[PDB]
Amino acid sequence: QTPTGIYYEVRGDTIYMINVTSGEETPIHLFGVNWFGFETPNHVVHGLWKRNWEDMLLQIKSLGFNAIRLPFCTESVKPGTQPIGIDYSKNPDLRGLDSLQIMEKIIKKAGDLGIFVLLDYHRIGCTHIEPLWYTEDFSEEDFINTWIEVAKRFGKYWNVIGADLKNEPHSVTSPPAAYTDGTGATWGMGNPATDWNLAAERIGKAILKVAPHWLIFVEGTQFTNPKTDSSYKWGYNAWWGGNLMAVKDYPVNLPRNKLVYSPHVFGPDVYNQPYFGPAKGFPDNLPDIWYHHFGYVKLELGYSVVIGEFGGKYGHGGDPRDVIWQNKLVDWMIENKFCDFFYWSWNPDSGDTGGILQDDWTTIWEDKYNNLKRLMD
């Protein structure tokens, strides 16, 4: 059942937390942020050159968030990786700790604060997101074994809700090549080399054996299979980790009380999507685009859907259409009861999106935050 005394499950489209000792079971909401850096050359969450790590946690909690998605790369969850970019004068308790002991300390404290953590295997290397869950010198078996060691260790922390199996499965070539050419992810192709729907089942099963109490989060790909993608006019224009159009015909085969679908969705600050042109009816055209790419998974099919990344500069140094985009997206989440989400990012040092923090790592973008906090009321 559980090593921590806490057990997570999905009933209907809602995540519940069970306490086996008190017997309490309540629905939870994930009002989340992404705090990144363990996936980069820093090997640690960013901003610890400017801030104390507990204080960052306390500030996140104080803004109403109760969940952090923590991106990691393979090197950061191995014993002995040295972090760069910590002011030890501000973080004395982190002196001489390796990146793993820091991740342990951060998650423990999060727990004490009542913050859920979702572990995200964000990159295999520490430089960029790979299209597949393996590379030339890192196999799916190494990927799975990395998740098993992570689940073995982090399964002991009550507030770790689960595993976001791989960030942003995607493509590096164009369709039609992308479907068969083995360089990118697919879904419903019937090809184990590339089918993210099949890979998710294999990786999720491995993790549930060691952490049966966890949820498994599964993202979209970019392209799926040609019949799915051509069946919608914007079928070729989903984000990385954003195409869930294949779930209806090819659902992922994990237990229904364990599985959470986790699409990503972005604004004009990340990529100038063609449906962002007002001549295409932006922004009033978006709800139908969101619905087709991922929203029907919940609205029509009844699955838990947690948006795992979304954000943008909200007009601070970026495309002024980002303000309209983020407003419209949060309107649609609220009206369709997409209440669980993780914003990208808490960090201001996201080059195309900024974050909830400003560049001083201390003050927030009030307007951006005010729009988002509508989901938290």
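One rule holds for the numbers: they count along the sequence shown, beginning at 1.
Q: Quick check on the record: does 318 to 326 or 60 to 68 carry the larger mean Cα temperature factor?
A: It is 318 to 326 that shows the higher mean C-alpha B-factor.
Q: Mean CA B-factor: is it higher for 277 to 285 or for 114 to 122?
A: Taking the mean B-factor of the alpha carbons in each, 277 to 285 is higher.
Q: Highest recorded C-alpha temperature factor, please, choosing from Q101, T183, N167, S262.
A: Checking the PDB record, the top C-alpha B-factor among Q101, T183, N167, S262 is at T183.
Q: Can you tell me which of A193, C73, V306, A163 has the maximum CA B-factor listed in the PDB entry?
A: Out of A193, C73, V306, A163, the record gives the largest C-alpha B-factor to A193.
Q: Within this chain, which third does the Cα B-factor at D249 fall in: lowest, middle or highest?
A: According to the entry, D249 has a C-alpha B-factor in the chain's highest third.
Q: Comparing against every modelled residue in the chain, figure out the third that the C-alpha B-factor of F223 lands in (lowest, middle or highest).
A: CA B-factor rank for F223: highest third.
Q: Among the modelled residues of its chain, does the C-alpha B-factor of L299 lie in the lowest, middle or highest third?
A: For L299, the deposited C-alpha B-factor lands in the middle third.
Q: Ranked by Cα temperature factor within the chain, is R153 in the lowest third, the middle third or the highest third?
A: Middle third - that is where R153 ends up once the chain's C-alpha B-factors are sorted.
Q: Which third of the chain does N371 land in by C-alpha B-factor: lowest, middle or highest?
A: Its C-alpha B-factor belongs to the lowest third of this chain's values.
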